Amino acid sequence: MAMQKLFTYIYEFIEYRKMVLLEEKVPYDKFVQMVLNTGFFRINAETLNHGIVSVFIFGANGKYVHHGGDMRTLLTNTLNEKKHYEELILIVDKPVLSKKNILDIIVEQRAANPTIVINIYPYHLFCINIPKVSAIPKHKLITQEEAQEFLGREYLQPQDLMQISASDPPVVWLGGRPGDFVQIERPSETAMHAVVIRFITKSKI
Amino acid sequence: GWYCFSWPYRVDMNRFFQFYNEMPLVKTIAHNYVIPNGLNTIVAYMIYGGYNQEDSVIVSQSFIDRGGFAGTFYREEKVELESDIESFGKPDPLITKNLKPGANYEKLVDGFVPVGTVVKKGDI
Amino acid sequence: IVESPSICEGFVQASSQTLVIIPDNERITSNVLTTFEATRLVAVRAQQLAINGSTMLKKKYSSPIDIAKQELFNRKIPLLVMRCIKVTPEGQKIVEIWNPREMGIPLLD
Amino acid sequence: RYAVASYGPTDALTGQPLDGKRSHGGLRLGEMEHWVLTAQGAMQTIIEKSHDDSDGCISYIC
Amino acid sequence: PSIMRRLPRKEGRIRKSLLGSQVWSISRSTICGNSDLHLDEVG
Amino acid sequence: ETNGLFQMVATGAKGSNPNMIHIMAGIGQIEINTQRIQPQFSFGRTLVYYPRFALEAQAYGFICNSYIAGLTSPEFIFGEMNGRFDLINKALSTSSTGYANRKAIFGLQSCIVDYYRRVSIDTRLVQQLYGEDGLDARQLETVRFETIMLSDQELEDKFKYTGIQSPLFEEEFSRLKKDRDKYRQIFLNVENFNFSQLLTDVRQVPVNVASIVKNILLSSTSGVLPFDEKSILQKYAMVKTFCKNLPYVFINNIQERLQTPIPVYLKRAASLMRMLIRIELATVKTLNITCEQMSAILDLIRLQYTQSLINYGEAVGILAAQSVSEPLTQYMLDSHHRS
Amino acid sequence: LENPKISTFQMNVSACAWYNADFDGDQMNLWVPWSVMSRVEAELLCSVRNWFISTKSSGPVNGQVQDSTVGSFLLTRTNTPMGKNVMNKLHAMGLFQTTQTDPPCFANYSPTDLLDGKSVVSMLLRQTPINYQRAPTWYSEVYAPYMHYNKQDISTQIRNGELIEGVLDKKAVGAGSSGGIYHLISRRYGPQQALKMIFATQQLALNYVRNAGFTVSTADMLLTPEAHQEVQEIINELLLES
Amino acid sequence: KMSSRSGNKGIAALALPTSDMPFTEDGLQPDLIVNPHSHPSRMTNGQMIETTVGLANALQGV
Amino acid sequence: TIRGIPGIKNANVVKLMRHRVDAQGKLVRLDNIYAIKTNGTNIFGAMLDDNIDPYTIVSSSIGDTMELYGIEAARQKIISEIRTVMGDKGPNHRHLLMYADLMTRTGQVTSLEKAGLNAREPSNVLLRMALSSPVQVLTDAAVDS
Ligand SMILES: [Mg+2]
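Right, here's the structure in full:
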């Protein structure tokens, strides 16, 4: 029942990044009807810096995840709209992540749009509240100045720190971009807790 | 044990002939077909000073002196020649070359140490 | 165009470094000798005594090791601990210099 | 039992002692012994055994 | 016989000559119990 | 009182209870890979001595006899089947452990403690602090934390000092409660993402603060001290400052004098030691300790906390591979006790 | 070892825990440092006192094994088949004549005065006074229904080096026993002082058995005819349920 | 190295004179002294039964 | 699929004990708690069930925990899984921390095989030559300079 979990935790995810919803919510039945009829559902959110984040939830049996041409035209038509876009989130079924053609359209759109963050994610990333999962430590993005002060005290470069992918689920929920620093407060059975700082690297897809 | 009944006629390497062997007081059917190898040692199952811990044993020195588990151990020295080049004989310091330092060439008789003499480290 | 290799690259000899000593009031490493550092100090001093034999120790000992140990314990050892902190890409070698005659000694006697 | 010397027969290629009792060479401080000595921090013992007592030499590099 | 066969295995150059070593001034014998020796003493 | 075999077992010198049972009462069921003897002798027969589809328990490895009574031929064969595994698993526990030990060491050996107590591979951080506490494993003491299991009423009964009506002791206790809550919160979470890892009120710490106080109390010529308002307040100020300056154990005494800012990850490292000191040096527990004896206690705590730190330049990746690959020998020895 | 007939490397049995060794045919290497640098490093870093506490498990490695574990129990035991577990002054003095420590003072004792094993052990643990209170390995709920435990043996208590009550066995003196007597001595006085006490208490335990005796026989493994009938009634119930 | 027919091997650790070995009231003294702690974990009961049977075999002359 | 979740073969019932804070502040160990220990792993399949608490799903699979939760949870999973193998005469916790921190240093779970050494220390040819295959490693190092 991935759709039912998504319908709630995608809005929980929008809330967790401190984003303002633009379009009013619809019932879950209407969400399923739109996904089956259109082939996708769209959720638009407002960021503090007035950026727009658009989330596309694609059906597992939709056309956009099977034929690369439909995804290509959809992305091209959504990426030339009069909106202050900053990120498009394309939530597709896990098998779609292994479909090479879809990823090729994704990377082609990335190349054609250098200032827009394009990410494609599986369903399970938004079928739960990732930060509230017990096994996941407390992640927190830190500023560049604070990280530079830490590195200067430690005589370190950002390339010496432990590194974390930008597609890591807690980093995704934080909104971590490559080149950012994430401080992780994690439990310890030797000191009762510990703090590490990780350098965010490029997403795997 | 008696590793072979024809041991004196053999030149064997790393072979041990234990002099005294006993039939076990509690024998088995296997001893109708092979010679027993060992002795019926008197054993005390006790703590005596901590010298038999961790699978060690304490032995009677008198039992050792009387020949318990005593025997003769044999080694072999087979040396070959090069046809018409090499020969067996006692070398001479004033002709031969690269003699081993600190070696005792004085025990040789016609190239071989005679039977019955005690050879120690460094003896030729 | 990427042309033939030039003499500006192909250098095998690394450029020389400048030893940058952290001021004593900005040192971050511990003021206590590690067991490794104390062992190394005693070993070096004992070998150098086996070479020279000149010491300022008042007591008399029959071994270089004993003299070195008593020099370390009595804070009379003529050695310094240099803790190499970093090597900067611009050439510097940032180190900390520690005087073992005013550090805490872990060893016992 | 075995105990050898400060010196003896040496391999022509590696320059290290020969193998064991029968060749009158040395005994082996193997891969796992260097792990233990490194774990202990005993680096001057590694110099004494693996360099002074085995094949340590001087290499000249421009 | 080849140059590159000297390297690979346990008996090769890297594992036998470089990571391990034949050494001098060393002894070996069977070990034995002795209750009069301290824990930091060897007979 | 007289049986030597029983005394070797009951005192822990050598042997176990199943050893006595096997010798004296009965061996019981031979069980290989947590199951009975499978029929490998022609489709439903375990041996030539038992029929096909035999239903008796003896046909599948149940040994009814003890060693002192002797086993029959089928029982000895089933016992030899079980005993052959012990020899096979012993020979495998050398090679299988050797393969895993060498791969663990070549993956971990480059990890070395640097001058910051971090673990790195030549520049690159593996740990921000070794063991997340920066201590040597040979310098640890197993110590119980008193406040963990107590309820809110018996926490305030035992650790809230009511002798002086000051706001200082209101926060001296409130700091005790929120250390108790933080310990519960963190270690109940660890219970959550494990199978059977229960919370404990017992930690391995570098300094046994409770035994330091007990030792000095014994050697003190004083008895029960009279009530002294200024001395009780002074000791609280001494302990609070000591807990404030505790992370300077990880830097040096030069920065402690200068009071330079402490890294956040070093404040976390001294969390258990800060927590333990506030329990064992609570005002209710230090009524019979003078302000001069408190300085002796505080000087001993940070001297033992300095002696337990990990050395610069220690090959801790080799230490970890040795400590993890060695229990794999016993894991391989018990291979036939697992499914 | 000045005897020319000895060809073995001899060591104390309590040192075997460092090397996972025993005396069934194991061979060990031995090299003596000759250079000053390696000979300094052997003393300060690689001395076996530096690994009394395991780096793997953070607990003690050494202790009593197999003769001083049962010997400590017999020495510290409250009662003996001969009555009370006491010894006269001469035999109490004889327990300390091998420990290689400074002998205690027995001047306040007549030849006919009787000393128990707890007094003799206390004379040794006074030099490194520790505090210990745990139940010994001797007490087990498994044996309690079928054995009459002595109430002075099932609670080992040491305060300031005086063994107040209880027996010493694997729990207190055994090798690898976390929180044991030698683990506590190491944490308070150093791992080298703990090694001295492992040796000194091993000589007390072995010198007690020097005339107490300890053996195992075949009759120790033999059930009585009435008990053999009870065991096969138990097995017959298992085969009945099967 | 010595061993019994039950597989309990051992290394000769100490050699005592005939006046230092323990003796029974009737003068019997052992040739080997083996630890009782080698039995309980190995369950070599055939070695203990052999001693019990062989003790009466010697006196009975059988 | 008929009446189940994919990937799990057997689902037994186990009794487990957990701690909990009472209303009076006391911490009590509760032994009467029933859970389900499955045979087979599917975190996402169990995450979609309404009879399972999705926030406290404990998988024994490092690969599945890394896939859904991340590198930090996978680090905690390597620690938990090595400790299970180690038994109870196991090493100190700081030796399990060393394994997990090494294996998760790059943001991905790397192995203690030749492939894992390549990911963490690619330019250390001499370390990498010494492990398994000098000729292949040396050949690659020369062409790569
Ligand atoms: Mg052996």
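Residue numbers (the deposited numbering), protein chains in the order written: chain A, 1 to 205; chain B, 809 to 932; chain C, 39 to 147; chain D, 1119 to 1180; chain E, 297 to 339; chain F, 726 to 1064; chain G, 436 to 677; chain H, 995 to 1056; chain I, 1258 to 1402.
Beta carbons are placed, not taken as given, at the ideal position from N, Cα and C, and that holds for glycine.
Boundaries of the beta strand (DSSP E) around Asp-551 (chain G): 549–551. Under DSSP, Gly-308 (chain E) takes part in no beta bridge, so it has no partner.
In terms of beta-carbon proximity, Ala-816 (chain F) stays away from the interface with chain H, with every pair separated by 9 Å or more. With a threshold of 8 Å, the Cβ atom of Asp-457 (chain G) counts as near ligand 1, since some heavy atom of the ligand is closer than that. In the DSSP annotation of this structure, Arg-1286 (chain I) is not part of any alpha helix (DSSP H); the continuous beta strand (DSSP E) holding it starts and ends at 1284–1296. Per DSSP, the continuous alpha helix (DSSP H) segment holding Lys-107 (chain C) begins and ends at 102–111. Inclusion of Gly-460 (chain G) in the 8 Å shell around ligand 1 follows from its C-beta lying nearer than that to a non-hydrogen atom of the ligand. The contact set of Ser-1035 (chain H) on chain F, defined by CB atoms closer than 7 Å, consists of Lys-739, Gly-740 and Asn-744 in chain order. Within the model, the alpha-carbon separation for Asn-129 (chain A) versus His-193 (chain A) is close to 23 Å.
The region 893–904 of chain B and the region 913–932 of chain B touch, with three or more beta-carbon pairs separated by less than 8 Å. Taking 9 Å as the cut-off, the Cβ atoms of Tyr-1326 (chain I) and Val-1049 (chain F) do not count as close. DSSP, reduced to helix, strand and coil, places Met-522 (chain G) within a strand of the structure shown. For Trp-136 (chain C), the secondary structure class from DSSP, reduced to helix, strand or coil, is strand. Between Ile-1014 (chain F) and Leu-942 (chain F), the CB-CB gap stays under 9 Å. Using a CB distance below 8 Å, the part of the region 1346–1359 of chain I facing chain G consists of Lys-1346, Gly-1347, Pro-1348, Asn-1349 and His-1352, ordered along the chain. C-alpha of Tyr-11 (chain A) to C-alpha of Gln-159 (chain A): approximately 35 Å in a straight line. Flagged as an interface residue toward chain E: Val-1392 (chain I), by a C-beta distance shorter than 9 Å.
The CB of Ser-996 (chain F) comes closer than 8 Å to the CB of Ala-191, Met-192 and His-193 in chain A, given here in chain order. Ranked by how close their Cα comes to the Cα of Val-1028 (chain H), the residues H:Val-1056, H:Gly-1055 and H:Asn-1002 have H:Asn-1002 in first place. Under the Cβ distance rule, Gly-316 (chain E) does not count among the residues neighbouring chain H, no pair being separated by less than 9 Å.
Contacts with chain C at 9 Å (Cβ-Cβ) do not include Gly-1174 (chain D). Around the Cβ of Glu-1039 (chain F), a 10 Å sphere holds 16 or more other Cβ atoms; the residue is buried. Rounded to whole angstroms, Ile-45 (chain C) and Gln-163 (chain A) show a C-alpha spacing of 37 Å. Distance from the CA of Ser-1033 (chain F) to the CA of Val-930 (chain F), rounded to the nearest whole angstrom, comes to 9 Å. Excluding its 5 nearest sequence neighbours in each direction, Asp-604 (chain G) has C-beta neighbours in its own chain below 7 Å: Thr-504, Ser-507, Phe-508, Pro-571, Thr-572 and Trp-573, listed in chain order.
When DSSP assignments are scanned along the region 861–927 of chain B, the uninterrupted stretches of alpha helix (DSSP H) that are 4 or more residues long and fall wholly within it turn out to be 869–873. Chain F places a beta carbon closer than 9 Å to that of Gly-142 (chain C), counting this residue as a contact.
Among the bridge pairs identified by DSSP, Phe-894 (chain F) is matched with none.
Its chain contains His-839 and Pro-844 as the residues whose beta carbon lies nearer than 7 Å to that of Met-831 (chain B), once the 5 sequence neighbours on both sides are disregarded; these appear in chain order. In the DSSP assignment, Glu-866 (chain F) is bridged to F:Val-930. For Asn-101 (chain A), the uninterrupted alpha helix (DSSP H) run begins and ends at 100–112, by DSSP. Of the candidates G:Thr-636, G:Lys-519, G:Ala-450 and G:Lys-586, G:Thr-636 places its Cα closest to the Cα of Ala-607 (chain G). The shortest CA-to-CA distance from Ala-2 (chain A) to any of A:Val-195, A:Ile-102, A:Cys-127 and A:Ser-165 is the one to A:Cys-127. For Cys-122 (chain C), the pairing in a beta bridge is given by DSSP as C:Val-133. Interface residue (Cβ-Cβ distance to chain I less than 9 Å): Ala-1045 (chain F) is classified as such. In terms of beta-carbon proximity, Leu-480 (chain G) lines the interface with chain D, with at least one pair separated by less than 9 Å.
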